[PDB]
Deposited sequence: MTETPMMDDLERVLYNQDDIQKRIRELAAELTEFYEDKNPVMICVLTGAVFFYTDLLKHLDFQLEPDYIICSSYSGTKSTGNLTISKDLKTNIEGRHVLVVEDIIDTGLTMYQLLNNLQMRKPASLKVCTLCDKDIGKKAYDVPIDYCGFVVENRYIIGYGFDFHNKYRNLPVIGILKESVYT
């Protein structure tokens, strides 16, 4: 907590936003038996918290980028990619391009955070976004620094003095 510069969002903020996102996703996916792709290892906290509010049939899958590909054939499937944060958009840009060639019925992105770096280098459509954050080192709620801080029940900023 001493290494934390300031808190951007508290646990109450986080849970309220997750419930809102879940309701929005339910509106579109409830009837679609979507493949909900979790981008390991960063998106896990967000992913499970979302799944705790999705009261319908869905098929989990995981990807690491490809090091680990998808176990499900996504052709003709409604697919949702769950990500922790989008910075420049490079990874997502290439991810979507790859996945789009597999011919899914639909493909959308849901990210916990979108880093405000102004105009991103890659034009990535973000359909669902939890929060827009400052261009700083984000820490807490799954975000780590040297495998530390993931347990903090907030989304905050790491002091520069800690990593520089």
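- Gaps in the model relative to the deposited sequence occur at 1 to 6, 72 to 84, listed in sequence order.
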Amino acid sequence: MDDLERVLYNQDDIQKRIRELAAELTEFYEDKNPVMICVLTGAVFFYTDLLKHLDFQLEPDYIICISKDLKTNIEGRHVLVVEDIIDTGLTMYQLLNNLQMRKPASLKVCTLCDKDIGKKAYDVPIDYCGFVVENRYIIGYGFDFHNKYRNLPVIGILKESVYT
From here on, numbers count along this sequence of modelled residues.
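- As listed in the deposited structure, the average C-alpha B-factor of 153 to 161 and of 1 to 9 is greater for 1 to 9.
- Here the stretch with the larger average CA B-factor, out of 95 to 103 and 28 to 36, is 95 to 103.
- When the C-alpha B-factors of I74, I85, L90, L80 are ranked from the entry, the top spot goes to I74.
- When all modelled residues of the chain are sorted by CA temperature factor, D114 is found within the lowest third.
- When all modelled residues of the chain are sorted by CA temperature factor, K108 is found within the lowest third.
- Ranked by C-alpha B-factor against the other modelled residues of its chain, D49 falls in the middle third.
- Ranked by C-alpha B-factor against the other modelled residues of its chain, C129 falls in the lowest third.
- When all modelled residues of the chain are sorted by CA temperature factor, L70 is found within the highest third.
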